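Overview (structure and organization)
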Amino acid sequence: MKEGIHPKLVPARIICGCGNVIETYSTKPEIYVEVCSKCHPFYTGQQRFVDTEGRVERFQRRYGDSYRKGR
Amino acid sequence: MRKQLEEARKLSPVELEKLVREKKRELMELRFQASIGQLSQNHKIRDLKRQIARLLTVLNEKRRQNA
Amino acid sequence: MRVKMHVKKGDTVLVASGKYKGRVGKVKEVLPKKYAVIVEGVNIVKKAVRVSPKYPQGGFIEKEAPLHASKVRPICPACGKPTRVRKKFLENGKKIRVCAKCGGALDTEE
Amino acid sequence: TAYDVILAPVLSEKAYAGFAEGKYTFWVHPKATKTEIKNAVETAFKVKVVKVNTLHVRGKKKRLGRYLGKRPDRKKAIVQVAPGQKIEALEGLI
RNA sequence: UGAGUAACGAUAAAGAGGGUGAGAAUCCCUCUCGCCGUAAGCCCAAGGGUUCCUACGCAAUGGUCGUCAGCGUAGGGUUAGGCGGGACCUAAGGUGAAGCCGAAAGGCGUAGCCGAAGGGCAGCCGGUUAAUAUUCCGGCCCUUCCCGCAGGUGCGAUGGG
RNA sequence: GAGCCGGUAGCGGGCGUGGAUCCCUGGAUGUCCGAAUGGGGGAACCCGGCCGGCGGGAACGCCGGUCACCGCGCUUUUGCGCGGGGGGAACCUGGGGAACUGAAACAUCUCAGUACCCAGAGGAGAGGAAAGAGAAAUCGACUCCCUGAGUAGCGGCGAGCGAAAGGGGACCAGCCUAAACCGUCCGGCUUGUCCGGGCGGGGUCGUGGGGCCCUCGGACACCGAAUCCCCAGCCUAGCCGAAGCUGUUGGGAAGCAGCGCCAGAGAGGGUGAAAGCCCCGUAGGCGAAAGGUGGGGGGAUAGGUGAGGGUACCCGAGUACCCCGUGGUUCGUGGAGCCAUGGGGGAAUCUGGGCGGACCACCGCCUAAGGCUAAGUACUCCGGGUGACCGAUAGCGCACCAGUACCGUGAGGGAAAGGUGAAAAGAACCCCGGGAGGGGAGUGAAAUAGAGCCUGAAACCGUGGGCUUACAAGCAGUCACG
């Protein structure tokens with residue numbers, strides 16, 4: 001799983017119906033899409049007792065290196 | 001015959017090999033009378049093949065059941 | 001019709017035959033039955049080969065296909081095999097016993 | 001197992017000239033290897049071999065009323081003797 | 001059925017005499033004749049793999065015939081320190097520690113390793129078999145390796161040139 | 001139980017009741033290829049390092065043993081010790097995921113979370129003790145069968161799609177952890193008293209622990225593999241097994257006839273043609289082993305479990321909850337929940353929080369962000385029994401040296417072809433012929449059952465016989481007649 005995080009684990013699927021709305025004001029929305037789509041995370045990291053990396057993801061990086069600096 | 005198994009048990013190692021190696025050379029005999037003696041020899045190739053398998057077997061056993 | 005049969009080589013009356021007369025079984029066969037029994041010669045007619053004394057037509061080849069040459073001839077004529085026990089210490093001996101009880105043992109006879 | 005015995009003699013019209021001057025012709029175990037043909041010969045008979053020659057060969061064509069197969073892979077082996085001495089049984093036999 | 005019709009795979013053409021055999025325009029000898037001849041000749045490679053060869057055989061297959069055959073049965077047949085190829089090398093490409101990747105399978109890539117009709121490394125002429133050759137045989141001709149013996153050397157990695 | 005040296009006979013030799021072959025479990029070697037793994041490679045070949053072993057020493061060659069990579073604790077120094085590695089007819093789960101078609105066109109929709117691709121486990125898989133269900137102060141893990149109901153419902157409200165509780169029904173268990181409290185233990189940082197690692201209790205199964213103080217207490221509940229032990233079932237090797245003979249026609253009977261017998265065994269199959277009593281280790285019934293499998297039984301070990309109050313409080317999961325973006329559920333942005341989440345903000349400790357109510361007040365039901373789990377059900381590669389199932393152009397593509405021949409660069413396609421007779425007794429010997437092949441002679445009850453050999457049909461091809469036909473007309477024919 002190489003675009004997951006590490007403190008947690010993340011890579012989800014999608015469909016993306018566009019099309020109109022105008023529901024609660026008038027008629028009813030248009031819709032017309034069956035297009036599957038990617039929807040995804042990020043990379044970056046730090047240092048051990050000298051020498052590291054990390055990868056990780058965003059919110060669980062504020063959390064992340066919090067943790068691991070906490071050794 | 002079970003005789004064969006007697007003395008096959010009785011010897012311990014390399015003795016048993018000088019035995020079996022000889023008896024193989026007796027196979028070289030019988031295979032070189034492929035050309036002629038053939039007759040009573042039939043039993044010779046077959047019996048020799050067999051019982052040499054026997055001595056190898058018991059040798060395999062002693063090799064196992066020793067060390 | 002497997003390992004299972006009947007006769008040793010034995011003494012044997014026939015039934016389905018056109019001969020019915022009988023005497024001792026000379027050879028049998030397991031998988032095929034056929035067991036020839038010193039009865040019913042035919043020909044083959046041997047060629048003219050030197051393995052033959054040169055003259056042709058052998059007088060004798062034998063296969064009694066039925067497994068219906070009714071078994072065994074004790075003092076009673078035809079009878080089927082039954083079982084045994086042992087009686088004698090350590091035995092087997094699935095002896096002929098129906099009506100008459102001849103052994104089929106290899107003692108004085110077969 | 002690891003036995004000295006790996007061979008069986010040839011009867012070519014060729015071979016007999018070799019016997020005329022001591023160039024013998026054994027079939028061998030189709031995975032013998034020059035040097036081992038040497039020692040297999042010295043040991044299984046007692047001579048000083050010089051030169052061993054080897055020679056793969058194989059059957060093909062062979063039919064059985066209806067069906068179709070091949071004679072097994074096979075490995076010929078010339079061998080010689082240096083003095084000119086020894087092995088005589090083979091030339092006396094035929 | 002069309003039909004015992006079209007066709008017999010180039011317009012380089014054959015003819016005879018003898019033998020073999022039950023039978024031969026067709027096979028084998030003999031003498032004529034003609035075409036190729038820088039090819040329809042002699043080699044090496046790729047390829048096909050057993051014939052090749054010999055003795056047998058002719059039911060079938062050979063677009064006919066066959067006593068023949070590159071067809072059938074059986075038997076025999078290829079020999080290498082130096083010829084080629086691997087125990088030597090590298091090109092393209094491939095594969096691959098490091099590393100980077102990838103919803104998963106996998107994608108990419110250093111060093112390295114594989115990869116050749118390119119590099120390199122030690123034989124040529126003759127004889128003999130029904131059938132193999134520079135291998136078997138004779139002739140000369142050389143190489144790398146191990147051991148001993150000598151004389152001599154600061155020898156020494158495949159790291160820099 | 002006494003004949004044997006597989007399919008297969010012949011050349012030939014031999015071995016058996018002083019238990020052969022055959023059969024069953026085990027043991028042994030087990031070439032090379034394959035996940036392949038000492039390194040390479042165009043699978044079945046190559047090239048080796050290392051200790052050892054013979055051969056003429058070494059060289060060179062063998063013979064034996066070791067040498068893959070990854071994660072797992074390890075010895076954080078020694079790769080030592082573990083495990084994975086792959087392969088499966090169908091079934092399952094997850095990660096992905098489609099169009100023809102359906103709507104009489106066509107995108108929303110449907111075909112459809114299908115086919116299929118890939119990862120993964122197994123003899124079953126997932127699921128699984130409630131932050132539920134939903135209306136009863138009721139229910140109580142889950143899966144599976146029925147019904148609910150083709151209803152409630154969702155929809156270019158068009159095609160069509162389509163539940164849940166609820167009731168019967170099968171089988172029927174619940175558990176283990178982070179609660180940081182302490183002990184203590186290390187070990188850290190830094191020193192004292194903050195962190196990292198273990199052990200107990202507590203480490204909650206229904207809503208509760210810890211600390212505190214008083215009464216507890218001094219055993220039946222047995223594994224969720226507990227662990228073992230046998231009846232333990234199968235592997236086959238299992239075993240006995242009851243009872244009739246004569247005549248009779250025919251090549252032959254077991255038909256017909258004369259009698260006569262067994263039946264917890266008249267299922268069936270075989271033997272020249274039609275047997276309950278010949279055979280059929282066949283039914284009836286019974287009977288089986290030293291070894292390889294586990295429920296029912298039984299214990300046991302039994303790991304382990306098990307109060308009453310009071311007291312302020314201390315502590316159960318770090319991301320819930322709101323927002324934009326989607327998926328599931330019957331839901332297609334619909335008033336839209338709920339579970340799951342990709343971003344973005346970011347909480348609290350049971351006087352807490354989620355859910356029915358879009359939302360709010362009330363009333364309840366619950367108690368999340370750790371995890372594990374027998375049985376019920378699904379499928380057949382392998383086995384056994386059953387066919388108002390085929391019975392050879394049917395049945396599987398194959399009833400027999402077929403996924404082969406053969407076609408294809410290749411992934412792939414994919415055939416024909418069964419049956420002489422009771423037994424071969426498959427034809428000696430002569431004649432003609434080059435031999436083929438035939439004619440006799442023969443065996444056979446029959447060879448017009450003779451080797452593509454049962455029966456043998458039509459098209460087709462012929463030979464002989466009967467009527468008819470050369471100045472004629474018309475596919476066919478038909479009626480009248482001579």
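The deposited coordinates derive from cryo-EM, with the record listing a resolution of 3.8 Å.

When helices and strands are counted, chain B shows 3 helices and 0 strands. When the helices and strands of chain B are placed in sequence order, the string is α-α-α. Overall size of chain B, expressed as C-alpha extent along the three principal axes, is 45 × 20 × 15 Å. Here chain B holds 67 residues, and 25% of them are scored as buried. Look at the contacts in chain B between residues 6 or more apart in sequence, and 71% of them connect residues 24 or more apart. Counting only carbon and sulfur atoms, one obtains 50% of the accessible surface of chain B, whose full area is about 5,200 Å². When the 18 positive and 9 negative side-chain charges of chain B are each reduced to one mean point, those points stand 5 Å apart.

This part covers the overall build of chain A. If you tally the helices and strands in chain A, you get 1 helix and 2 strands. The N-to-C order of helical and strand elements in chain A reads β-β-α. Its C-alpha atoms give chain A a radius of gyration of 20 Å, more than 25% over the compact-globule value 11 Å for 71 residues. C-alpha extents for chain A along the principal axes are approximately 65 × 25 × 15 Å. With 71 residues in all, chain A has 14% of them scored as buried. Considering only contacts within chain A whose residues lie at least 6 apart along the sequence, 35% involve residues at least 24 apart. Put simply, chain A shows about 6,300 Å² of open surface, and 56% of that area lies on carbon and sulfur atoms. Here chain A contributes 13 positive and 8 negative side-chain charges, whose respective centroids are spaced 9 Å apart.

Quick look at the interface of chain D and chain B now. Contact with chain D, which involves 8 residues of that partner, is made by 7 residues of chain B. Between chain D and chain B the total buried area reaches about 890 Å² when both faces are included, carbon and sulfur atoms providing 63% of it. The three residues of chain D that bury the most area against chain B are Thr1, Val5 and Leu7 of chain D, which together make up 46% of that side's buried surface. The tally of links from chain D across to chain B stands at 0 salt bridges.

For the rest of this paragraph, the subject is a nonpolar patch on the surface. Residue and element names in this part refer to chain A. Together, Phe59, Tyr63 and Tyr67 make up a nonpolar patch on the protein surface, roughly 320 Å² of accessible area in all. Within the fold, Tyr67 resides in helix α1 (residues 59-69). Exposure remark for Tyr67: the relative accessible area of 46% places this residue in the partly exposed category.

For any two aromatic rings, the description comes down to two numbers: the centre-to-centre distance and the angle of the planes. All names here are of chain D. By the definition in use, this model includes 4 aromatic pairs over all chains. With a centroid separation of 5.0 Å and 40 degrees between ring planes, the pair formed by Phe19 and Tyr24 is classed as tilted. Following the ring pairs from residue to residue traces out a cluster consisting of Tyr16, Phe19 and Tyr24.

This paragraph deals with the protein's contact with RNA strand F. Every one of the 70 residues lining RNA strand F counts as a neighbour, but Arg13 and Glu23 of chain A, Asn60 of chain B together with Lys47 and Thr83 of chain C are closest to it. Backbone atoms, meaning sugar plus phosphate, form 72% of the atoms of RNA strand F positioned within 4 Å of the protein. Within the backbone of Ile15 of chain A, a nitrogen or oxygen atom sits 3.4 Å from a sugar or linking oxygen of RNA strand F. Here the surface near RNA strand F gets 5 residues from one element, more than from any other, and that element is α1 of chain A. Residues that form the surface near RNA strand F fall into these classes: 31 nonpolar, 18 polar and 21 charged.

A word on the pattern of salt bridges. Residues and elements named next belong to chain C. Scanning the entire structure with this criterion turns up 7 salt bridges over all chains. In this structure, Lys19 and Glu40 form a salt bridge, with 3.8 Å as the shortest nitrogen-oxygen distance. Note that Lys19 is positioned in the loop between β1 (11-12) and β2 (23-24) and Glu40 in the segment after β2, a separation of 21 residues in sequence. Judged by relative accessible area, which is 26%, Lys19 ranks as partly exposed.

A separate point is the UniProt feature "binding site: Zn(2+)" in chain A. Residue and element names in this part refer to chain A. Within this numbering scheme, the UniProt entry marks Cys16, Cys18, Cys36 and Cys39 as carrying the feature "binding site: Zn(2+)". For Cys36, the location among the structural elements is in strand β2 (residues 36-38). The contacts of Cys36, once residues within four sequence positions are left out, are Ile14 and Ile15. Mapped onto the elements, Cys39 comes out in the loop between β2 and α1.

Analysis parameters
Residues numbered from 1 in each chain as written, not as in the entry; some residues may be left out. Chains lettered and ligands numbered in written order. Part of a larger assembly, values for the part shown. Heavy atoms only, no water. Helix = DSSP H or I, 4+ residues; strand = E, 2+ residues; numbered from the N terminus. Buried < 20%, exposed > 50% of the residue type's maximum accessible area, 1.4 Å probe, protein only. Contact = heavy atoms within 4.5 Å. Areas by Shrake-Rupley, 256 points an atom, 1.4 Å probe, with all protein chains shown as cover. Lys, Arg positive; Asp, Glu negative; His and termini not counted. Charge placed at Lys NZ, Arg CZ, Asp CG, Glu CD. Rg over C-alpha atoms; globule rule 2.2 N^0.38 Å. Buried area = accessible area lost by both parts, 1.4 Å probe. Salt bridge = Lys/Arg side-chain N within 4 Å of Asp/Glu carboxyl O. Patch = residues over 30% accessible without salt bridge, like charges linked within 9 Å, V, L, I, M, F, W, Y side chains within 5 Å. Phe/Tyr/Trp six-rings, centres within 6.5 Å; stacked < 30°, edge-to-face > 60°. Near = heavy atom within 4 Å. Polar contact = N/O pair within 3.5 Å; in protein donor to acceptor, adjacent residues only side chain to side chain. Nonpolar A, V, L, I, M, F, W, Y, C, P; charged D, E, K, R; others polar. UniProt positions renumbered as here; feature names shortened; annotations may be inferred.

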